[PDB]
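Trainee: Got model10.txt for you, compact mmCIF, C-alpha atoms and all ligand atoms:
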# COMPACT_ATOMS: atom_id res chain seq x y z
CA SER A 2 114.74 72.84 116.93
CA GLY A 3 111.96 75.06 115.53
CA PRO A 4 108.80 76.33 117.33
CA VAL A 5 105.88 73.93 118.08
CA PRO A 6 102.90 74.60 115.69
CA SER A 7 99.60 75.98 117.03
CA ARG A 8 95.98 76.06 115.75
CA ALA A 9 92.99 78.22 116.81
CA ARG A 10 90.88 76.36 119.45
CA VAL A 11 87.68 77.66 117.74
CA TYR A 12 86.68 78.61 114.14
CA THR A 13 89.88 76.80 112.94
CA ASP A 14 88.79 75.97 109.34
CA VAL A 15 85.98 78.46 108.64
CA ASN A 16 88.10 80.03 105.76
CA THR A 17 89.11 76.59 104.36
CA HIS A 18 85.37 75.75 104.02
CA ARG A 19 84.68 79.04 102.16
CA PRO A 20 85.22 79.65 98.41
CA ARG A 21 88.76 81.08 97.68
CA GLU A 22 87.24 84.54 96.80
CA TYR A 23 86.15 85.07 100.42
CA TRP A 24 89.72 85.27 101.85
CA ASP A 25 91.95 85.65 98.73
CA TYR A 26 91.88 89.47 98.88
CA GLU A 27 94.85 89.79 96.45
CA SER A 28 92.46 88.82 93.61
CA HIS A 29 89.65 91.12 94.90
CA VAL A 30 88.47 93.74 92.35
CA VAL A 31 87.49 97.04 94.07
CA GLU A 32 83.99 98.45 93.32
CA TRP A 33 84.28 102.28 93.15
CA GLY A 34 81.60 104.87 93.93
CA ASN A 35 81.41 108.49 92.80
CA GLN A 36 83.79 110.92 94.59
CA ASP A 37 81.36 113.84 93.67
CA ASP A 38 78.73 112.34 96.06
CA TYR A 39 80.96 113.52 98.97
CA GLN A 40 82.04 116.92 100.23
CA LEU A 41 84.55 117.21 103.08
CA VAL A 42 83.25 119.29 106.03
CA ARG A 43 86.17 119.24 108.55
CA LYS A 44 89.36 117.29 109.48
CA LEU A 45 89.11 114.72 112.29
CA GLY A 46 92.66 113.42 112.34
CA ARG A 47 96.00 112.53 110.73
CA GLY A 48 97.79 109.20 110.89
CA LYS A 49 100.91 107.49 109.48
CA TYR A 50 98.94 105.97 106.54
CA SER A 51 95.81 108.24 106.34
CA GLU A 52 93.98 111.52 107.00
CA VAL A 53 90.42 111.37 108.37
CA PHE A 54 87.61 113.82 107.64
CA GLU A 55 83.95 114.36 108.38
CA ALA A 56 81.96 114.60 105.14
CA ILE A 57 78.48 115.08 103.78
CA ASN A 58 76.91 112.74 101.21
CA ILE A 59 75.18 115.37 99.01
CA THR A 60 72.81 112.73 97.40
CA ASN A 61 71.06 111.93 100.77
CA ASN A 62 72.41 114.60 103.25
CA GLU A 63 73.98 111.94 105.50
CA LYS A 64 77.04 112.59 107.71
CA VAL A 65 79.97 110.19 106.93
CA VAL A 66 83.59 109.59 107.96
CA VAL A 67 86.16 109.68 105.10
CA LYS A 68 89.58 107.96 105.46
CA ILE A 69 91.81 109.22 102.59
CA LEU A 70 94.79 106.86 102.32
CA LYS A 71 98.50 107.82 102.03
CA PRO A 72 100.69 105.37 99.87
CA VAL A 73 99.68 101.80 100.96
CA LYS A 74 100.25 98.41 99.17
CA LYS A 75 97.21 97.67 96.93
CA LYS A 76 96.92 94.18 98.54
CA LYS A 77 96.58 95.87 102.01
CA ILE A 78 93.82 98.22 100.67
CA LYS A 79 92.10 95.12 99.11
CA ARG A 80 92.54 93.29 102.46
CA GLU A 81 90.77 96.07 104.49
CA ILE A 82 88.00 96.45 101.87
CA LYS A 83 87.43 92.67 101.59
CA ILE A 84 87.27 92.24 105.41
CA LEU A 85 84.86 95.27 105.73
CA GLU A 86 82.57 93.84 103.01
CA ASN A 87 82.66 90.30 104.54
CA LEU A 88 81.77 91.77 107.96
CA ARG A 89 79.04 94.20 106.71
CA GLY A 90 75.89 93.98 108.83
CA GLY A 91 77.64 92.05 111.63
CA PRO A 92 76.89 93.16 115.24
CA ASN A 93 78.79 96.38 116.26
CA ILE A 94 81.08 96.24 113.14
CA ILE A 95 81.51 99.65 111.43
CA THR A 96 79.76 99.86 108.02
CA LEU A 97 81.88 100.66 104.98
CA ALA A 98 79.41 102.89 103.01
CA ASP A 99 81.61 103.57 99.93
CA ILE A 100 85.08 103.40 98.32
CA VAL A 101 86.06 106.37 96.13
CA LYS A 102 89.11 107.60 94.20
CA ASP A 103 90.15 111.11 93.20
CA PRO A 104 90.10 111.00 89.28
CA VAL A 105 93.25 113.21 88.99
CA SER A 106 95.30 112.42 92.21
CA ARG A 107 94.39 108.64 92.02
CA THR A 108 94.21 108.75 95.88
CA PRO A 109 91.78 106.05 97.37
CA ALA A 110 89.33 106.93 100.19
CA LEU A 111 87.16 104.70 102.40
CA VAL A 112 83.72 106.12 103.37
CA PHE A 113 82.27 104.94 106.69
CA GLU A 114 79.12 105.21 108.75
CA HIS A 115 79.49 108.14 111.21
CA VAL A 116 79.49 107.48 114.98
CA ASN A 117 79.00 110.53 117.30
CA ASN A 118 81.92 109.51 119.50
CA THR A 119 82.77 110.78 123.03
CA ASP A 120 86.63 110.70 123.30
CA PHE A 121 87.69 107.83 125.69
CA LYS A 122 90.04 110.17 127.71
CA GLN A 123 86.76 111.92 128.80
CA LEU A 124 84.15 109.09 128.53
CA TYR A 125 85.90 106.23 130.45
CA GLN A 126 86.40 108.33 133.67
CA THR A 127 82.53 108.83 133.78
CA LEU A 128 81.54 105.16 133.03
CA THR A 129 79.80 103.22 135.86
CA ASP A 130 80.51 99.52 136.65
CA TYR A 131 77.35 98.62 134.59
CA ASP A 132 78.60 100.76 131.59
CA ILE A 133 81.97 98.89 131.44
CA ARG A 134 80.13 95.47 131.46
CA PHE A 135 77.58 96.72 128.87
CA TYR A 136 80.23 98.10 126.47
CA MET A 137 82.59 95.12 127.04
CA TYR A 138 79.69 92.80 126.06
CA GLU A 139 79.14 94.91 122.84
CA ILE A 140 82.87 94.64 121.78
CA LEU A 141 82.57 90.84 122.47
CA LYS A 142 79.61 90.62 120.03
CA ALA A 143 81.86 92.26 117.34
CA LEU A 144 84.80 89.94 118.17
CA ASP A 145 82.83 86.66 118.27
CA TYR A 146 81.27 87.69 114.95
CA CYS A 147 84.55 88.58 113.11
CA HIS A 148 86.31 85.46 114.56
CA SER A 149 83.36 83.26 113.44
CA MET A 150 83.89 84.86 109.98
CA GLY A 151 87.64 83.83 110.02
CA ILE A 152 89.01 87.32 110.80
CA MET A 153 91.32 88.55 113.64
CA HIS A 154 91.06 92.38 114.12
CA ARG A 155 94.70 92.55 115.53
CA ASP A 156 94.34 96.22 116.65
CA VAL A 157 91.79 96.20 119.52
CA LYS A 158 92.33 99.37 121.64
CA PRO A 159 90.19 102.34 122.92
CA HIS A 160 90.91 104.43 119.76
CA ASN A 161 89.32 101.71 117.56
CA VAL A 162 86.18 101.58 119.70
CA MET A 163 83.65 104.29 118.71
CA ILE A 164 80.96 104.94 121.33
CA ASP A 165 77.81 107.11 120.96
CA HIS A 166 77.06 106.98 124.76
CA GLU A 167 73.75 108.91 124.31
CA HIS A 168 72.36 106.11 122.04
CA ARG A 169 74.43 103.30 123.80
CA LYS A 170 75.93 102.56 120.38
CA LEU A 171 79.30 100.92 119.91
CA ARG A 172 81.27 100.22 116.71
CA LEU A 173 84.57 98.38 116.35
CA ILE A 174 86.49 100.37 113.68
CA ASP A 175 89.78 100.45 111.68
CA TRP A 176 90.09 97.04 110.05
CA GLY A 177 93.35 98.12 108.35
CA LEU A 178 95.44 95.67 110.44
CA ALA A 179 92.86 92.81 110.32
CA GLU A 180 93.76 89.44 108.74
CA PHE A 181 92.11 86.20 107.72
CA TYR A 182 92.98 83.24 110.00
CA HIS A 183 94.45 80.17 108.20
CA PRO A 184 95.68 77.16 110.26
CA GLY A 185 99.47 76.89 109.99
CA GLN A 186 99.93 80.47 108.74
CA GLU A 187 102.83 82.53 110.18
CA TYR A 188 101.77 86.15 110.67
CA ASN A 189 103.71 89.40 111.11
CA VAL A 190 104.27 90.04 114.84
CA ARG A 191 104.87 93.83 114.20
CA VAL A 192 101.11 94.61 114.62
CA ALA A 193 99.05 96.47 117.33
CA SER A 194 100.08 99.40 119.54
CA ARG A 195 102.82 98.73 122.17
CA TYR A 196 100.50 98.62 125.23
CA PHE A 197 98.00 96.08 123.74
CA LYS A 198 100.53 93.62 122.14
CA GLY A 199 100.10 90.03 123.25
CA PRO A 200 103.04 88.00 124.67
CA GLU A 201 103.09 85.93 121.35
CA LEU A 202 103.95 89.20 119.48
CA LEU A 203 106.69 90.20 121.99
CA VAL A 204 108.38 86.73 121.99
CA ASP A 205 108.07 86.56 118.13
CA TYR A 206 105.67 83.57 118.00
CA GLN A 207 104.22 83.84 114.49
CA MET A 208 101.56 81.07 114.51
CA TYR A 209 98.99 83.12 116.43
CA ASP A 210 95.19 83.44 115.97
CA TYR A 211 91.93 85.14 117.16
CA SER A 212 93.10 84.77 120.79
CA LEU A 213 95.43 87.80 120.12
CA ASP A 214 92.31 90.05 120.24
CA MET A 215 91.37 88.57 123.64
CA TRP A 216 94.71 89.69 125.22
CA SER A 217 94.05 93.24 123.83
CA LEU A 218 90.53 93.15 125.27
CA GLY A 219 92.05 92.15 128.66
CA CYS A 220 94.46 95.16 128.52
CA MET A 221 91.46 97.50 127.82
CA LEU A 222 89.41 95.94 130.68
CA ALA A 223 92.33 96.24 133.16
CA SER A 224 92.78 99.97 132.24
CA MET A 225 89.02 100.61 132.70
CA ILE A 226 88.32 98.80 136.03
CA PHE A 227 91.63 99.92 137.66
CA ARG A 228 91.53 103.45 136.10
CA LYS A 229 95.18 102.91 135.00
CA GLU A 230 95.96 103.85 131.39
CA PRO A 231 97.91 102.17 129.95
CA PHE A 232 97.78 99.05 132.21
CA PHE A 233 101.11 97.56 130.94
CA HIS A 234 103.30 100.63 130.35
CA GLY A 235 106.48 99.43 128.58
CA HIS A 236 109.27 101.80 127.40
CA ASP A 237 109.68 99.65 124.21
CA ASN A 238 108.69 96.15 122.92
CA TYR A 239 111.32 94.41 125.13
CA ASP A 240 110.29 96.37 128.30
CA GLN A 241 106.61 95.77 127.41
CA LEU A 242 107.16 92.00 128.08
CA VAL A 243 108.98 92.96 131.37
CA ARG A 244 105.88 95.04 132.48
CA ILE A 245 103.63 91.98 131.84
CA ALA A 246 106.09 89.57 133.67
CA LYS A 247 106.03 91.89 136.72
CA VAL A 248 102.26 91.19 136.98
CA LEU A 249 101.72 87.64 135.56
CA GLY A 250 105.07 86.36 136.89
CA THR A 251 108.10 84.98 135.00
CA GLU A 252 107.30 81.26 135.83
CA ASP A 253 104.23 81.04 133.54
CA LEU A 254 106.21 82.99 130.84
CA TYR A 255 109.08 80.45 130.81
CA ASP A 256 106.48 77.60 130.93
CA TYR A 257 104.85 79.24 127.83
CA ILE A 258 108.30 79.58 126.06
CA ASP A 259 109.13 75.90 126.89
CA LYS A 260 105.66 74.63 125.75
CA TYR A 261 105.98 76.17 122.25
CA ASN A 262 109.81 75.73 121.97
CA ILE A 263 110.14 79.51 121.39
CA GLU A 264 113.63 80.91 120.66
CA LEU A 265 113.74 83.91 123.06
CA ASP A 266 115.70 86.97 121.83
CA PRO A 267 119.00 87.02 123.91
CA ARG A 268 118.22 90.67 124.94
CA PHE A 269 115.33 89.35 127.14
CA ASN A 270 117.49 87.10 129.43
CA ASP A 271 119.05 90.05 131.37
CA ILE A 272 115.87 92.21 131.59
CA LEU A 273 113.10 89.68 132.45
CA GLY A 274 114.61 88.74 135.81
CA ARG A 275 112.49 86.73 138.25
CA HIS A 276 109.02 87.87 139.30
CA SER A 277 106.16 86.43 141.27
CA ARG A 278 102.57 86.45 139.94
CA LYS A 279 100.79 89.38 141.60
CA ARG A 280 97.28 89.50 143.04
CA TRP A 281 94.86 91.88 141.23
CA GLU A 282 94.14 93.58 144.59
CA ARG A 283 97.43 95.58 144.46
CA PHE A 284 95.87 97.75 141.65
CA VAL A 285 92.63 98.30 143.69
CA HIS A 286 92.22 101.56 145.69
CA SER A 287 89.43 103.97 146.88
CA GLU A 288 88.95 105.71 143.49
CA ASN A 289 88.47 102.46 141.42
CA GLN A 290 86.88 99.95 143.95
CA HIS A 291 83.33 100.74 142.59
CA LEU A 292 84.39 99.24 139.17
CA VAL A 293 86.25 96.22 140.65
CA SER A 294 84.31 93.12 141.74
CA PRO A 295 85.36 89.40 142.24
CA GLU A 296 83.50 88.70 138.88
CA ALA A 297 85.54 91.43 137.06
CA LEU A 298 88.84 90.01 138.46
CA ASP A 299 87.97 86.38 137.64
CA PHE A 300 87.03 87.46 134.05
CA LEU A 301 90.22 89.59 133.68
CA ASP A 302 92.40 86.71 134.95
CA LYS A 303 90.93 84.35 132.28
CA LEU A 304 91.77 86.86 129.49
CA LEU A 305 95.37 87.75 130.44
CA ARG A 306 97.25 84.44 129.99
CA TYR A 307 100.65 84.12 128.25
CA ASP A 308 99.41 80.89 126.60
CA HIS A 309 97.06 82.09 123.87
CA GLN A 310 95.37 78.62 123.74
CA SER A 311 94.31 78.99 127.43
CA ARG A 312 92.60 82.50 127.13
CA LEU A 313 88.79 82.69 126.98
CA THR A 314 87.28 82.75 123.47
CA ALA A 315 84.91 85.71 122.74
CA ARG A 316 81.85 83.34 123.14
CA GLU A 317 83.18 81.89 126.49
CA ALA A 318 83.79 85.51 127.67
CA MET A 319 80.11 86.42 126.88
CA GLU A 320 79.04 83.50 129.11
CA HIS A 321 81.06 84.76 132.15
CA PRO A 322 79.19 85.75 135.42
CA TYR A 323 80.53 89.36 134.97
CA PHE A 324 77.84 89.76 132.16
CA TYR A 325 74.84 88.00 133.87
CA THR A 326 72.95 91.31 134.47
CA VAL A 327 73.72 92.69 130.94
CA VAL A 328 72.45 89.33 129.46
CA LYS A 329 69.31 89.54 131.71
CA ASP A 330 68.49 93.21 130.75
CA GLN A 331 68.97 92.39 127.00
CA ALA A 332 66.18 89.71 127.17
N1 LIG B 401 85.28 104.23 110.86
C1 LIG B 401 84.84 105.06 111.50
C2 LIG B 401 84.35 106.13 112.31
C3 LIG B 401 83.02 106.39 112.71
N2 LIG B 401 82.91 107.47 113.46
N3 LIG B 401 84.19 107.94 113.57
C4 LIG B 401 84.58 109.06 114.26
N4 LIG B 401 83.60 109.82 114.95
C5 LIG B 401 83.93 111.03 115.72
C6 LIG B 401 83.94 112.34 115.03
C7 LIG B 401 82.85 112.00 115.98
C8 LIG B 401 85.94 109.35 114.23
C9 LIG B 401 86.85 108.52 113.51
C10 LIG B 401 88.27 108.84 113.49
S1 LIG B 401 88.70 110.30 114.32
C11 LIG B 401 90.34 110.10 113.94
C12 LIG B 401 90.58 108.98 113.22
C13 LIG B 401 89.39 108.24 112.95
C14 LIG B 401 89.45 106.99 112.17
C15 LIG B 401 88.52 106.73 111.10
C16 LIG B 401 88.58 105.58 110.38
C17 LIG B 401 89.57 104.57 110.67
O1 LIG B 401 89.69 103.49 110.07
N5 LIG B 401 90.43 104.87 111.70
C18 LIG B 401 90.39 106.02 112.43
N6 LIG B 401 86.42 107.43 112.84
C19 LIG B 401 85.10 107.15 112.88
Please lay out the structure from this file as structure tokens.
Mentor:
Amino acid sequence: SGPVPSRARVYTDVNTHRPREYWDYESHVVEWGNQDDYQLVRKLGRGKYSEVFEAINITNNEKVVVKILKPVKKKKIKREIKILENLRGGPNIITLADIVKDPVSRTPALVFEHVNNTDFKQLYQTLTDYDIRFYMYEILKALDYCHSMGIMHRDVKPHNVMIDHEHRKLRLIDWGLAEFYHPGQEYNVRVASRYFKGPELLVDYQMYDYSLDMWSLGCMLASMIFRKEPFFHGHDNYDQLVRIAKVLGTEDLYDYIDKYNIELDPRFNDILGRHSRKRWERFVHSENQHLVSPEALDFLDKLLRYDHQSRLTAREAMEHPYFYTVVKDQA
């Protein structure tokens, strides 16, 4: 027997109610700017599918970030562009400023708003309890917005969170893995970095939704309050599920597998073993106790659930007691 179908608990049919053009990115026609408006200043990074640079827009003297793409399927470039344009002006969503192509090389490049980022491997270790709640609330604004717009980011991790700590400015970036949610659609499970992959990805459950981003957000929160990066440190995708089972327990995992009639890869049987559900206190010590509170733990618990349907939505998460003071100060 095949797996049991699943539907998003919230924003289920937002794309169905939209005109086709909104989500049918394959038919999207790219609007190109002028490549001569931009001059590369310095390199910021290299990736598997791109090279990133800092640039100057010589028409207005503004600092920008330029992502020059390596060979990528045109439908995937159209997907990222279409999502970026649909999300433009949304809270804490990076702004796509321009799309340019080299006239000779035919190489496409995405031009973004620049964020004066403080690298997370330096910033996070300085963040107070209030900073973690404030920045977690800001990512949640970006997530509730993109989910309400029928989009799952699918790559939520510290590297995709740009923070200008001086101006308390956060942007959720790199929409290259993002997809439109369609009820009944089977998605590719080979998405996200190892440490942030949800149980649905690791067990090969394809009918997932926005709730995937909520697991990732839970992984980030656990690493920040416990000062343990990564929180679930698997040696591969199979061992990644073992690392989660050693914390959440194997009982709720097999209850999750049984509920959705998931065919578990035979490799898993001999590595998963039998594990009890641990108490969050075993990750608490003298150097992280100032970031850990009963509110933080309660919130974290409600994010990290094997059953995607039982995790908090981004809007429910914003309503949690953990954010009461952030909500108060913002009024
Ligand atoms: N989008 C965007 C964006 C805004 N600011 N910003 C900064 N700012 C620091 C230099 C101060 C760095 C990067 C970097 S650094 C290495 C890779 C990337 C990158 C850029 C685009 C993308 O889609 N993924 C990854 N991206 C951005």
Trainee: Give me the residues near segment 121-127 of chain A as a list in words, where near means some atom within 8 Å (using all atoms listed in the file) and where sequence neighbours in that chain fewer than 6 positions away do not count.
Mentor: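 Close residues of segment 121-127 of chain A: residues 159, 160, 225 and 228 of chain A.
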Trainee: Around ligand LIG 401 (chain B), at most 9 Å away and counting only C-alpha atoms and all ligand atoms, which residues are there? Put them as an NGL selection string, please.
Mentor: :A and (44-48 or 51-55 or 65-68 or 95-97 or 111-120 or 160-165 or 172-177)
Trainee: Identify, on the basis of only C-alpha atoms, every residue whose closest approach to segment 249-259 of chain A does not exceed 8 Å; exclude the query and any residue fewer than 6 positions from it along the same chain; express the result as a PyMOL selection string.
Mentor: chain A and resi 265+273-279+306-308
Trainee: Distance atom CA of residue 210 of chain A-atom CA of residue 312 of chain A, one decimal place?
Mentor: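 According to the coordinates, atom CA of residue 210 of chain A and atom CA of residue 312 of chain A are separated by 11.5 Å.
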Trainee: With all atoms listed in the file as the counted atoms, please give the residues lying no more than 8 Å from segment 188-199 of chain A, apart from itself and same-chain residues fewer than 5 positions off, as an MDAnalysis selection string.
Mentor: chainID A and resid 155:158 178 205:209 213 216:217 220:221 231:235 237:238 241 307
Trainee: Supply segment 165-190 of chain A as a compact mmCIF listing (two decimals), in the frame of the given file, with N, CA, C and O atoms built in where the input has gaps.
Mentor:
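See selection.txt below for the written result:
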# COMPACT_ATOMS: atom_id res chain seq x y z
N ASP A 165 78.83 106.08 120.89
CA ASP A 165 77.81 107.11 120.96
C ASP A 165 77.07 106.77 122.30
O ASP A 165 76.12 105.98 122.31
N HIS A 166 77.59 107.28 123.43
CA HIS A 166 77.06 106.98 124.76
C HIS A 166 75.58 107.33 124.93
O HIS A 166 74.84 106.55 125.54
N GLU A 167 75.14 108.45 124.31
CA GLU A 167 73.75 108.91 124.31
C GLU A 167 72.78 107.84 123.78
O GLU A 167 71.72 107.62 124.37
N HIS A 168 73.15 107.16 122.68
CA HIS A 168 72.36 106.11 122.04
C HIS A 168 72.82 104.69 122.39
O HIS A 168 72.27 103.73 121.84
N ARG A 169 73.79 104.56 123.33
CA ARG A 169 74.43 103.30 123.80
C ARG A 169 74.86 102.46 122.59
O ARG A 169 74.56 101.27 122.48
N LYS A 170 75.53 103.14 121.65
CA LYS A 170 75.93 102.56 120.38
C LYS A 170 77.43 102.44 120.27
O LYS A 170 78.16 103.43 120.37
N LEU A 171 77.89 101.21 120.03
CA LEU A 171 79.30 100.92 119.91
C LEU A 171 79.62 100.32 118.53
O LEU A 171 78.88 99.48 118.00
N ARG A 172 80.75 100.77 117.96
CA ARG A 172 81.27 100.22 116.71
C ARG A 172 82.75 99.96 116.85
O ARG A 172 83.50 100.85 117.28
N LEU A 173 83.17 98.76 116.44
CA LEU A 173 84.57 98.38 116.35
C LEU A 173 85.04 98.85 114.96
O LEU A 173 84.47 98.44 113.94
N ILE A 174 86.02 99.76 114.94
CA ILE A 174 86.49 100.37 113.68
C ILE A 174 87.94 99.99 113.35
O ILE A 174 88.59 99.26 114.11
N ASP A 175 88.43 100.54 112.22
CA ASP A 175 89.78 100.45 111.68
C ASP A 175 90.25 99.00 111.56
O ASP A 175 90.97 98.46 112.41
N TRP A 176 89.83 98.41 110.46
CA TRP A 176 90.09 97.04 110.05
C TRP A 176 91.31 96.95 109.15
O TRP A 176 91.52 95.92 108.53
N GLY A 177 92.13 98.00 109.16
CA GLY A 177 93.35 98.12 108.35
C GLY A 177 94.46 97.17 108.73
O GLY A 177 95.33 96.90 107.91
N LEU A 178 94.45 96.65 109.97
CA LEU A 178 95.44 95.67 110.44
C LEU A 178 94.88 94.25 110.47
O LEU A 178 95.65 93.31 110.64
N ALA A 179 93.54 94.09 110.27
CA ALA A 179 92.86 92.81 110.32
C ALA A 179 93.36 91.81 109.30
O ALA A 179 93.83 92.22 108.24
N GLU A 180 93.33 90.51 109.65
CA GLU A 180 93.76 89.44 108.74
C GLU A 180 92.82 88.28 108.79
O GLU A 180 92.10 88.10 109.78
N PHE A 181 92.86 87.44 107.75
CA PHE A 181 92.11 86.20 107.72
C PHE A 181 92.95 85.13 108.44
O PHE A 181 94.16 85.01 108.19
N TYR A 182 92.30 84.33 109.31
CA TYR A 182 92.98 83.24 110.00
C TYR A 182 93.03 81.97 109.12
O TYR A 182 92.00 81.50 108.63
N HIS A 183 94.24 81.40 108.95
CA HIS A 183 94.45 80.17 108.20
C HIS A 183 95.33 79.25 109.04
O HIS A 183 96.40 79.68 109.46
N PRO A 184 94.85 78.04 109.42
CA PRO A 184 95.68 77.16 110.26
C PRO A 184 97.06 76.91 109.66
O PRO A 184 97.17 76.66 108.46
N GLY A 185 98.10 77.07 110.47
CA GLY A 185 99.47 76.89 109.99
C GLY A 185 100.13 78.16 109.47
O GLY A 185 101.34 78.18 109.25
N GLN A 186 99.36 79.23 109.25
CA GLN A 186 99.93 80.47 108.74
C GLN A 186 100.77 81.22 109.80
O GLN A 186 100.37 81.32 110.96
N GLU A 187 101.93 81.72 109.36
CA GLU A 187 102.83 82.53 110.18
C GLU A 187 102.57 83.98 109.84
O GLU A 187 102.65 84.37 108.67
N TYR A 188 102.14 84.75 110.85
CA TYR A 188 101.77 86.15 110.67
C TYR A 188 102.87 87.08 111.14
O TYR A 188 103.75 86.68 111.89
N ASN A 189 102.79 88.34 110.72
CA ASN A 189 103.71 89.40 111.11
C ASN A 189 103.40 89.76 112.54
O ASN A 189 102.24 90.03 112.88
N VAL A 190 104.42 89.70 113.41
CA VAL A 190 104.27 90.04 114.84
C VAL A 190 104.30 91.58 115.06
O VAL A 190 103.84 92.06 116.11
